[PDB]
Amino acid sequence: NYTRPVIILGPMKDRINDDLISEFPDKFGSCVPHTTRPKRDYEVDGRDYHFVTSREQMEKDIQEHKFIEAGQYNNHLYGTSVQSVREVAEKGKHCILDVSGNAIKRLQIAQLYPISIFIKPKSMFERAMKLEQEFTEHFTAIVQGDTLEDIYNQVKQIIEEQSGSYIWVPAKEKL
């Protein structure tokens, strides 16, 4: 079938995302967003972004629900497409996504059922409080922790349980 996208929410999600990706490159990855913005020289079309030349066409695909998340930034359109998430999923990797709660439902409907993990602070912000109240019903799990190592392992363990596939296997346990 496919591999489920992963969406970390709450404080520490950027550190958790980066850590997962760099620790397990063949299990986690990001997808390629579309944009209508100009490219920089070192950027590569299809690797960094899908550089789109027709803003009209982008607006059309947005209105026709090709994107799980889309918006305007410095007068250019950006979007994370279902197809892009699917292209990571089929290659056997959890697509790490940094998107709003509203994207969760869309991915579910698109049949890319996300593992959504909210990392809830022990108060050491208010943005996180209301976020929890808004998408409580959509979270796969809630993780709280004192240390970041503790939080990280809980996250990995949930992904393990929910995907039905081990992220990492001790060498000796590979039998």
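Start at 1 with the first residue shown and count on from there.
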*Report, from the record, the number of residues in the deposited sequence between residue 124 and residue 125 that have no coordinates, as none, 1 to 3, 4 to 9, or 10 or more.*
10 or more
_Selected stretch [higher average CA B-factor]: 68-76 or 87-95_ = 87-95
*Determine, for stretches 130-138 and 27-35, which one has the higher mean CA B-factor as deposited.*
130-138
*Using the temperature factors in the entry, find which of 58, 109, 115, 148 has the highest value at its Cα atom.*
148
*Which has the highest CA B-factor per the PDB entry: 167, 155, 21, 12?*
12
*What third of its chain, lowest, middle or highest, does the C-alpha temperature factor of residue 120 fall into?*
highest
*Relative C-alpha B-factor of residue 6, binned into the chain's lowest, middle or highest third*: lowest
*CA B-factor placement of residue 52, once the chain's modelled residues are sorted into thirds*: middle
*Within-chain third of residue 62 by Cα B-factor, per the entry*: lowest
